[PDB]
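Protein chains in written order, with the entry's author numbering: chain R, 10 to 148; chain o, 22 to 102; chain g, 103 to 166; chain K, 2 to 60; chain Z, 35 to 149; chain j, 23 to 108; chain M, 10 to 67. Just so you know, even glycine gets a beta-carbon here, dropped at the ideal spot from N, CA and C.
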Amino acid sequence: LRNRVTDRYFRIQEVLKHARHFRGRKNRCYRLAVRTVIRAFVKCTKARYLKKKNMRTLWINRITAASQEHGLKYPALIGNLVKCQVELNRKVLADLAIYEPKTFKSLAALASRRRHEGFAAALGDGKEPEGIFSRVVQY
Amino acid sequence: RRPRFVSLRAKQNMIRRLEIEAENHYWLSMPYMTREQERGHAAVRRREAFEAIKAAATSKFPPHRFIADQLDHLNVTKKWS
Amino acid sequence: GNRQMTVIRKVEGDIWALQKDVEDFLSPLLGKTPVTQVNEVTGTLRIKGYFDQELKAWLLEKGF
Amino acid sequence: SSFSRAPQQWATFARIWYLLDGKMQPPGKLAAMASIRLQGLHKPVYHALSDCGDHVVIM
Amino acid sequence: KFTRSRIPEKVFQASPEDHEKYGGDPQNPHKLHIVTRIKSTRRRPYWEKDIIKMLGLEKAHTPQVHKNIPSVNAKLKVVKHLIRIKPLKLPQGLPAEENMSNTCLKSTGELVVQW
Amino acid sequence: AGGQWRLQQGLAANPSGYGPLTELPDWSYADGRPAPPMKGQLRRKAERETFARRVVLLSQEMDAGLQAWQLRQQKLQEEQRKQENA
Amino acid sequence: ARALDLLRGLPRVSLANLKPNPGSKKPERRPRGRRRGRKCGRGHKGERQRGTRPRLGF
RNA sequence: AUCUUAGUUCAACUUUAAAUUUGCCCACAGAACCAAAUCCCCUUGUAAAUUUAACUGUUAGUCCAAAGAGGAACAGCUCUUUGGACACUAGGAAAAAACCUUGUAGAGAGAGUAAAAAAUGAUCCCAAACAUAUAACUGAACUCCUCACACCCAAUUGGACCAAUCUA
RNA sequence: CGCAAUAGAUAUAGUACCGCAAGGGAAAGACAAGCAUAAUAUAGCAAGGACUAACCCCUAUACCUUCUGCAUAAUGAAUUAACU
Ligand SMILES: [Mg+2]
Ligand SMILES: [Mg+2]
Ligand SMILES: [Mg+2]
Ligand SMILES: [Mg+2]
Ligand SMILES: [Mg+2]
Ligand SMILES: [Mg+2]
Ligand SMILES: [Mg+2]
Ligand SMILES: [Mg+2]
Ligand SMILES: [Mg+2]
């Protein structure tokens, strides 16, 4: 024997250290620890996309709940806050709904106002003066 | 099973694309020049660009070598005293 | 089989001066500055293209 | 609102008993409302792992 | 078989009804096309992948400018279903050697100076 | 999400497109002096600059082509008059 | 000269400092890893891989 | 082509290094007497192509659209041709290699979109429901945003690093 | 710039043992897996996102090799250490 790996121990522990918290024989037997650790890291990588998707769907749910508390669906709130040129995103809308109820009450009132302005305008004949909140501000 | 039941959303998506491409049809039935007018107006730029490509392709060669780089490798034993 | 080159080999002293001189001397002939390599360690100047006779004459004129 | 810690925490996550009549109502609509309320999907503070569900009483 | 498509010229003939439907004019046409890609080159024949690679339209929407001359239209008539063409509008004229670094392209297709 | 409405009002479909949100300086110093601009703004200025230079270059080439055609029409339609004498 | 002046302010030359001229000692290739060796370059099954293909010119 | 179809050699395709200048797209013109399109080039959009030196590897694949020949114009049938996809990423149609959407790659607890919902025989039915509150919203690794970038194919090929041991 | 007790000779030995026989032919000496301390609690390639919180929620069709891709279609692996 001319050359023999003298440090296989550390190469094993580099992979077992990530498996101490697993369950079964696959937290101390390398042949199984490797496969499950690799699956673990692949899921760890692939899960960030789902993290973003899930937080966004949670925010949409919370905003739907808050907006329904004020007699106003979620399509209306977002599709008529932007028509008032307020670029509040959904994370901060959810935070406002939970932690600042009256500010969210005002935002819902603003959305309902703009919705009514839109309905009144479209109901009319022609280009009668625009609604007091429906006036765009240009850059 | 094999047949499908084309929805309304799909119809609306297809009509959106159809309208975009009809606008494309319109913006292509009026060219600024004609076949004969355009001929040659870009020749100078094309020739110069291809000459740039040629001069790039015909410049490959090994990089220089300096004595300083070779002697710098003696620094791998620099000591305090 | 297609890369032609010439080498001026036993160059001693500042090889960069010789590089500038050779570039000046050859640039009119080729219709462009000739690509070159300088190996300041071995002391050689390598030049793309075949210019052996021209360079021999030129190094004769300057008295080498 | 300046409530202490524990009282605030209790106030926010508390359970609320919602009555819901059903006379001449279709089962599906009552089911939709009951599903939303039982799950906790009417609370801006909702989450799946927080057990914010409420009580529903359909008579 | 499946083959390249030669579009009859009859389609590329603006009518008196089309002209007032888009902001155009038969006389005094428009210099430059602003073109964007709104569809994938994948799942389409190679003689469209190459055209798109040639017009600089490799990336997605990312608008790009081209001349309005038939030598380029012949290329855009092959990829007309993977692109949106709009006419560039210059209501302030070509910029000078000053105002090159302070331009902006609005969504309506107008190039303007200093936002 | 009102991209349809935003494009119907001459705005960018994407609020993170061009607007006060994306290109105004996100911060200044406390005293008031401005901050070294952000990388994204530099890159967008460079790309818009290249777009403008390409626009002017193509337009110039097309106009010069029209003028060249005019010159050729002159020197082929009129130089035939030089054969209408003697 | 010029280089001989450089050597004066560098450390002493010894067998701890030498080096090969760059570009001379091309690195070696061994079939280990996911690139060099999974089939080690010999291809799919077939007499090419086993090292039993006919004589040169057959 | 092969006592050959479980394989080999040549070609085609792939890779590296090197030389040079045209390569691709392409209107008008042009290609026979007995329908789709194809060939060929001026320009134009492009930046690639040919040549040389040196090696390995793959080779008679599946599905879908189309035109044919064989079996009905069927038997999910053998074969030829044009194209696409797969054997590479991701999202949809329920699960889903082959349909639709989408590619060049990292971090974000930001944003805009793409495709995408049905109408009126044999163990155990199979999401639950809903006729009428204004059409928009939801929806990706596509795109934008702040920062960073060599950091998502098999066979093969090129390159940058390197664990441990011996010797100077 | 030879090995150092699975290497180096097969070797502590051509002994023990196998074969009627020719013949074959060993082993070894100086906190790895497995368990206990401490059995388990709806749910499911046994993980990931996480979370105040271990489970509960959402996502998620094992690995190698061979066939055009293979839900495991088939072949191989109880597991550790050494040698390959
Ligand atoms: Mg999204
Ligand atoms: Mg070797
Ligand atoms: Mg031609
Ligand atoms: Mg991208
Ligand atoms: Mg021994
Ligand atoms: Mg032995
Ligand atoms: Mg142990
Ligand atoms: Mg099974
Ligand atoms: Mg078995």
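| Check | Outcome |
| --- | --- |
| Cutoff 7 Å: residue 236(R) Cβ touching any chain K Cβ | In the structure as shown, chain R starts at 10 and stops at 148, and residue 236(R) therefore has no counterpart that could be examined. |
| Minimum Cβ-Cβ distance from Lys35(M) to chain o less than 7 Å | no |
| Residues that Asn141(g) contacts on chain o, provided the C-beta gap is smaller than 8 Å | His85 and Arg86 |
| Exposure of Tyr148(R), with buried meaning 16 or more beta-carbon neighbours within 10 Å | exposed |
| Residues that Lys67(j) contacts on chain Z, provided the C-beta gap is smaller than 9 Å | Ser135 and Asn136 |
| Residue-chain proximity (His46(o), chain M), Cβ-Cβ < 7 Å | no |
| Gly103(g) versus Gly151(g), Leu162(g) and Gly165(g), residue with shortest Cα-Cα distance | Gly151(g) |
| Neighbour list for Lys114(Z) in chain o, Cβ cutoff strictly below 9 Å | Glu42, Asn45, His46 and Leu49 |
| Where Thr108(g) falls, given that 16 or more other Cβ within 10 Å makes a residue buried | buried |
| Closest Cα partner of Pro37(j) within the set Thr45(R), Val95(R) and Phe142(R) | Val95(R) |
| Within chain o, the residues that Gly24(j) reaches when beta carbons sit closer than 7 Å | Simply none; closest approach about 16 Å. |
| Cross-strand partners of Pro56(j) (DSSP beta bridge) | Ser50(j) |
| Nearest-angstrom Cβ-Cβ length linking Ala120(R) and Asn70(R), presumed shorter than 8 Å | With a Cβ gap of about 18 Å, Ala120(R) and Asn70(R) do not count as contacting. |
| Selection of the stretch 74–90 of chain R by Cβ proximity to chain j, strictly under 8 Å | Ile87 and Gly88 |
| Boundaries of the alpha helix (DSSP H) in which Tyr19(K) is found, first to last residue | Per DSSP, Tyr19(K) belongs to no alpha helix (DSSP H); it is in the beta strand (DSSP E), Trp18 to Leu21. |
| Below-7 Å beta-carbon distance, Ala118(R) vs any chain K residue | no |
| Reduced DSSP secondary structure (H/G/I, E/B, other) of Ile117(Z) | strand |
| Close Cβ partners of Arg124(R) (< 6 Å) along its chain, the five nearest in sequence each way excluded | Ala85 and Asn89 |
| First through last residue of the alpha helix (DSSP H) which encompasses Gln89(j) | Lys61 to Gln99 |
| Any 3 or more C-beta pairs closer than 8 Å across the stretch 38–57 of chain K and the stretch 74–83 of chain R | yes |
| Sequence-distant residues of the same chain with beta carbon closer than 6 Å to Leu20(K), five excluded per side | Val58 |
| Buried or exposed by the 16-neighbour rule on C-beta atoms within 10 Å, applied to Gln26(j) | exposed |
| Neighbour list for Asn96(o) in chain M, Cβ cutoff strictly below 8 Å | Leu19 and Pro20 |
| is_contact[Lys48(M), chain o] using C-beta, thresh 7 Å | no |
| Residue environment, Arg44(R), which counts as buried when at least 16 other CB atoms sit within 10 Å | exposed |
| Residue range of the alpha helix (DSSP H) that includes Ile141(R) | No alpha helix (DSSP H) holds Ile141(R); DSSP gives it neither H nor E. |
| Under 9 Å from the C-beta of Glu72(o): neighbouring residues of chain j | Per Cβ cutoff of 9 Å: no residues; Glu72(o) is ~18 Å from chain j at best. |
| Nearest neighbour of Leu16(M), chosen from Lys100(o), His94(o) and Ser102(o) [CA to CA] | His94(o) |
| C-alpha distance - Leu65(M) paired with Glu56(M), whole-angstrom precision | 14 Å |
| Integer Cβ distance of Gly87(j) from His62(o), believed to fall under 8 Å | 3 Å |
| Coil, strand or helix - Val147(Z) by DSSP | strand |
| Option nearest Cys53(R) by Cα separation, candidates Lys111(R), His27(R), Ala129(R) and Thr15(R) | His27(R) |
| Terminal residues of the beta strand (DSSP E) in which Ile59(K) lies | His56 to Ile59 |
| Inter-residue spacing [alpha-carbon to alpha-carbon] between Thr55(o) and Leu66(Z) | 15 Å |
| Cβ contact check for the stretch 94–102 of chain Z and the stretch 73–93 of chain j: 3 or more pairs under 8 Å | yes |
| Straight-line Cα distance separating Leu39(o) from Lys32(o) | 10 Å |
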